DNA sequence: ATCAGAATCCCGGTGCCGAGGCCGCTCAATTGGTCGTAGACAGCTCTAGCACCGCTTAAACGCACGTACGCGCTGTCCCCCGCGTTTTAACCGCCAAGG
DNA sequence: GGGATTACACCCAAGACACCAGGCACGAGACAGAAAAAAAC
DNA sequence: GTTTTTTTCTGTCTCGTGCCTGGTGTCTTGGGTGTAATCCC
């Protein structure tokens, strides 16, 4: 039996965080998995173009930041950059 | 940082051998060639990752050229590619 | 053939579009544009399955062909 | 300042004529200016962001090429 | 007795903006897709989920193109659609040359 | 004199501008507008001229396409006079809101 | 897990694996997947938060995809993002041109 | 024939393309026939479009191809126009589109 | 306005079914340890981006003025809405005669 | 009944080094070419 | 207005070389498919 992938449990937990009293359909969970897929793919393609228009092959978080604020529209993007940056601080401040 | 200029000159002399060209015409042509190369190559990389094949042979390139260009161009391109495969494979 | 498209089907298409009043030649014009749409879609879908070396077109290949026409659709594992 | 008003009516005329437009109404020009402005807003925002990660205080032609390829309004001619 | 026209159509517009269920039902749509699929390589089997995908994408596609065509006709100082309206909308999007 | 009730002027200049090759918007005011928009997100940025020429090229092409579909909207409107909501309908269909 | 060590909810190393097998670069840094995972996390938080409000509207408990399409089509920046996006069981805006309403 | 270009009888450098594939982060490995195949496709595309370029430039008694020639030759094609639909050429312009409602009748 | 009456909304009701809990696995994240060069950084050099001005001139602006498409209106004529009537695509229940 | 899994085959790319004539930058002189301006329709 | 038909003066382009750098010949080895058995849905 080949082991297949999903992101269902993760975003499921996130949904339980932001709304404890809320159910969901299974197809919509698949939709959100496809959503994460699509956003990830556009980001990664912008990362590869970041590489080739920078002639470098290392990926750091700075490239991810500039990729996100290339793709996403402004206000949403800056909030997301804030969330990611504070997470970078909280992780890399410890181990 | 190489452009494809004399390649264009030799194609041109193979087709309309009494024909000049401007500089920026060559620039647009090389822009064109790079765009086409990038689109096909990325589509082939999609073929690999959508098909879990760890490398790319010519068959992937054939089906990608099918996926990009429409009918007449596609069939003539498949013909030219297989003829090149044939003559390079013979020697 | 193409005439399996009923008149009230394209009428319902106007209704979910929200369109009120309907002319005559609309029907055959609709069937034609739908045909060309499905032609390009299923052509490159069968191109995907040709590379797949398999005798059934995958839903995955349908999804990726929609991506290839810039028509990205979620929902069915894409 | 006010270079948005540097857009001239005869330039809009010339663009309509190569655009093939015959008859020109009078309520068109500032609407045209606003659409052109929003266009160039998104364009130069993305180009400057590409140059932000470039760590060079000067934006190149290549940058604008890459940014407009990102919008899908992709233009040849200058390499990229 | 007889109702006055235009009313029932808009009432069912308000009804048909609600359920996202598929408008064209299955079997004839499947036959049409199979018949067009016949002329590329002979007799290919199909996943039914893929058929539902084709059905979904086709119906949403046509609904949106209807929306733009309807707004074209509203601009055209009229209420009823015309085939030339579809030609105008397609000429803006760029399917046909 | 030869005042000429109209028709040859506009269409003749269309013939001239479609025989034409080069730009129409002249350089300096467009450049200054570019720098004013540029002075809004990061200050004090320098530029090479070819970038600005590409910007001018794609700008005029963008507006040419707007004018073409606007022209066909007007022709469908049984008019030759353009309107603003023509352009609004054209950008509505182009998905560039 | 690094996600817990980042105090977040998306698995880092799965993403680090997928970055490797995507031919995305030659080498992969340390905390770039953390940043990307947090980006994903805030995105899905915002989306499904509006979806939760959409369920609050209809007084539904389980999310139907119609809620998702509606919440996409309401917000501005999200709809400009997902302009070329459609969803099965999507539907559209309940929208009527009042010039076609009767008098 | 020492060079693979002479071994293919073509005009493009193949090992160029193979290094482009290697310095592409495209696949992990690249076979031997794919770069030749793709380069042949490229060479066909060049010759095919330069045919329409040659006729379109010859339309105006000018030995040199200008960008306006290229845009004309593209828009006068059908497959290339649906190819280059999202595509714009520098110094291009568009076709003569004089509507029939405009000529003095 | 205004009543009658279609059309729709909306409230228990029950049922059934899949969302979600749950639980025992095992394989990739981890943990730790070992080379290594890519890049963060210091610093050199010359280009080009910028600013400025003088001279030239063609290009814009304002107005004079007719004028003619845009438009509001009109009459008209026709042909889609819709409701009714069969009616046939579709999926269920009976005659064939051959085995 | 064909697609999914696996397994044994085989076989030539990756590299790693050794040998190399082309590839392009720069110039030159020529050579296709835009316009000046008669100059018809 | 269109367009054609003379010089002219004229900008680019093709020839012309030298420097060089990537392109080429080939073994080992390995994994990456090639193909075939089989379950299996």
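Summary of values
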| item | result |
| --- | --- |
| Verdict on residue G:31 being touching a helix residue (DSSP H, G or I) at 6+ places or on another chain (Cβ under 8 Å), more than 8 Å from chain A (Cβ to nearest Cβ) and more than 29 Å from residue A:21 (Cα to Cα) | no |
| Residue satisfying all of: in the range G:16-36; buried (at least 20 other Cβ atoms within 10 Å of the Cβ) and within 21 Å of the chain's Cα centre (by Cα); farthest from residue A:90 (Cα to Cα) among these | G:19 |
| In the range E:21-41, residue nearest to residue E:63 (Cα to Cα) [restricted to those that are assigned to a loop (DSSP other than H, G, I, E, B) and out of contact with any helix residue (DSSP H, G or I) (no Cβ under 7 Å at 6 or more places or on another chain)] | E:21 |
| Enumeration of residues in the range F:8-40 that are within 12 Å of DNA strand K (Cβ to nearest atom) and over 25 Å from residue H:89 (Cβ atoms) | F:8, F:9, F:10, F:11, F:12 |
| Answer residue from the range F:77-89, given it is surrounded by fewer than 22 Cβ atoms within 10 Å (Cβ to Cβ) and away from DNA strand I (no atom under 12 Å from the Cβ) and is nearest to the other protein chains (Cβ to nearest Cβ) among those | F:87 |
| Filter result (part of a helix (DSSP H, G or I), over 23 Å from residue C:78 (Cβ atoms) and at the interface with chain G (Cβ under 7 Å from one of its Cβ atoms)) within the range A:42-62 | A:51, A:61 |
| Which numbered condition residue E:92 misses (of (1) in a helix (DSSP H, G or I); (2) more than 7 Å from every other protein chain (Cβ to nearest Cβ); (3) within 30 Å of residue H:76 (Cα to Cα)) | (2) |
| Residue check for residue B:46: closer than 17 Å to residue C:64 by Cα, surrounded by fewer than 18 Cβ atoms within 10 Å (Cβ to Cβ), within 18 Å of the chain's Cα centre (by Cα) and more than 11 Å from DNA strand J (Cβ to nearest atom) | yes |
| Residues of the range D:36-80 satisfying the condition of being assigned to a loop (DSSP other than H, G, I, E, B) and within 11 Å of chain H (Cβ to nearest Cβ) | D:72, D:73, D:74, D:76, D:77, D:78, D:79 |
| Total residues in the range D:15-34, condition in a helix (DSSP H, G or I), facing chain F (nearest Cβ under 7 Å) and surrounded by fewer than 19 Cβ atoms within 10 Å (Cβ to Cβ) | 1 |
| So residue B:28, is it under 30 Å from residue H:62 (Cα atoms), more than 14 Å from DNA strand J (Cβ to nearest atom), assigned to a helix (DSSP H, G or I) and at the interface with chain H (Cβ under 8 Å from one of its Cβ atoms) | yes |
| Criterion: more than 9 Å from chain C (Cβ to nearest Cβ), farther than 30 Å from residue F:68 by Cα and within 16 Å of DNA strand I (Cβ to nearest atom) - qualifying residue of E:34, E:25 | E:34 |
| Some residue of the range E:46-56 being loosely packed, with under 12 Cβ neighbours inside 10 Å and either within 16 Å of DNA strand K (Cβ to nearest atom) or within 9 Å of chain C (Cβ to nearest Cβ) (or both) | yes |
| Single unsatisfied condition, residue F:44 versus (1) more than 16 Å from DNA strand J (Cβ to nearest atom); (2) assigned to a helix (DSSP H, G or I) | (2) |
| Residue within the range H:44-54 that is farther than 25 Å from residue B:39 by Cα and either more than 15 Å from the chain's Cα centre (by Cα) or more than 14 Å from chain D (Cβ to nearest Cβ) (or both) present | yes |
| Number of the exception - residue F:80 against (1) out of contact with any strand residue (DSSP E or B) (no Cβ under 9 Å at 6 or more places or on another chain); (2) closer than 20 Å to residue D:10 by Cβ | (1) |
| For residue C:58: the one exception among (1) within 12 Å of DNA strand I (Cβ to nearest atom); (2) in contact with a helix residue (DSSP H, G or I) (Cβ under 8 Å, 6 or more places away or on another chain) | (1) |
| Counted residues, the range H:52-67 - those being more than 15 Å from DNA strand K (Cβ to nearest atom) and in contact with a helix residue (DSSP H, G or I) (Cβ under 6 Å, 6 or more places away or on another chain) | 2 |
| Filter result for residue D:8 (surrounded by 19 or more Cβ atoms within 10 Å (Cβ to Cβ), free of Cβ contacts under 8 Å to residues at least 40 places away in the same chain, touching a helix residue (DSSP H, G or I) at 6+ places or on another chain (Cβ under 9 Å) and more than 7 Å from chain F (Cβ to nearest Cβ)) | no |
| Residue list for the range H:6-15, filter: more than 8 Å from DNA strand K (Cβ to nearest atom) and under 18 Å from the mean Cα position of the chain (by Cα) | H:10, H:11, H:12 |
| Filter result (under 18 Å from residue H:14 (Cα atoms) and crowded, with 18+ Cβ neighbours inside 10 Å) within the range B:1-29 | B:4, B:7, B:8, B:11 |
| Only listed residue being outside any loop (DSSP other than H, G, I, E, B) and within 11 Å of DNA strand K (Cβ to nearest atom), chosen from B:83, B:1, B:13 | B:13 |
| Residue F:63 being within 17 Å of residue D:16 (Cα to Cα), surrounded by 15 or more Cβ atoms within 10 Å (Cβ to Cβ) and free of Cβ contacts under 8 Å to residues at least 12 places away in the same chain | yes |
| Out of F:43, F:8, sole residue that is more than 15 Å from residue D:6 (Cβ to Cβ) and within 8 Å of another protein chain (Cβ to nearest Cβ) | F:8 |
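None of the figures in this text is laboratory data; all of them are computed from the coordinates on show. Here the Cβ is made from the backbone with ideal geometry for all residues, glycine too, and neighbour counts use every protein chain on show.
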